[PDB]
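> What follows is a protein structure lacking sequence information:
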Ligand SMILES: [Ca+2]
Ligand SMILES: [Ca+2]
């Protein structure tokens, strides 16, 4: 059999996003939290906002970000201070 070129599944296209195999092309579509650097899809710098925790400091993570509120608290995976 023969399948049309994926175009996005290639190591030089998307490589980390929800693409859309078209008839003669594709369409990279990174999720909410990622971006597109011309073809490679990955996470952006969420800590570039300003400590989403509430007072501590922000850090860059995947699907969101990380943070270290004033030592003595308990943050989360990628949400805010809690
Ligand atoms: Ca295709
Ligand atoms: Ca991030």
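Alright, I've got the coordinates. Residues are numbered from 1 along each chain as shown. Ligands and ions are numbered 1, 2, ... in the order given.
> And residue 80, which helix or strand is it part of?
Using DSSP states H and E, residue 80 is not contained in any helix or strand.
> Surely it touches residue 73?
No. Look at residue 80 against residue 73 with CB atoms under 8 Å: they stay out of range, at 10.9 Å. Just so you know, the C-beta spots here come from the backbone N, C-alpha and C atoms, and that holds for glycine as well.
> where along the protein do the strands fall?
Taking DSSP state E to define them, one finds strands in the chain at 34-36, 41-43, 58-60, 65-67.
> Comparing the ones you listed, which comes out most buried?
strand 65-67 (a mean of 22; mean count of other CB atoms under 10 Å).
> other SSEs contacting that one?
strand 58-60 (3 or more CB pairs under 8 Å, 6 or more residues apart in numbering; DSSP states H and E).
> Let me see the contact set for the residue nearest to residue 49 when sequence neighbours are not counted.
Counting by CB to CB, 6 or more residues apart in numbering, the nearest residue to residue 49 once its immediate chain neighbours are dropped is residue 58, at 6.6 Å. The contact partners of residue 58, by CB atoms under 8 Å, 6 or more residues apart in numbering, come to 46-52, 65-67.
> Next one: residue 58 from residue 69, what distance?
Relative to residue 69, residue 58 is positioned 10 Å away (CB to CB, to the nearest Å).
> One more: residue 79?
12 Å.
> Over to residue 29?
33 Å.
> Output the set of residues of this protein in proximity to ligand 1.
The chain comes close to ligand 1 at residues 4, 21, as judged by CB under 5 Å from the ion.
> where along the chain do the helices fall?
Using DSSP state H, no helices are found in the chain.
> Quick check: nearest residue in space to residue 78, chain neighbours excluded?
residue 64 is the one closest to residue 78 (CB to CB, 6+ apart), at 2.5 Å.
> quick one, what contacts that neighbour?
Contacts of residue 64 by CB under 8 Å, 6+ apart are 33, 46, 77-79.
> rerun at 6 Å
33, 46, 78 (CB atoms under 6 Å, 6 or more residues apart in numbering).
> Can you tell me which of the residues you listed lies closest to ligand 2?
residue 46 (4.1 Å; CB to the ion).
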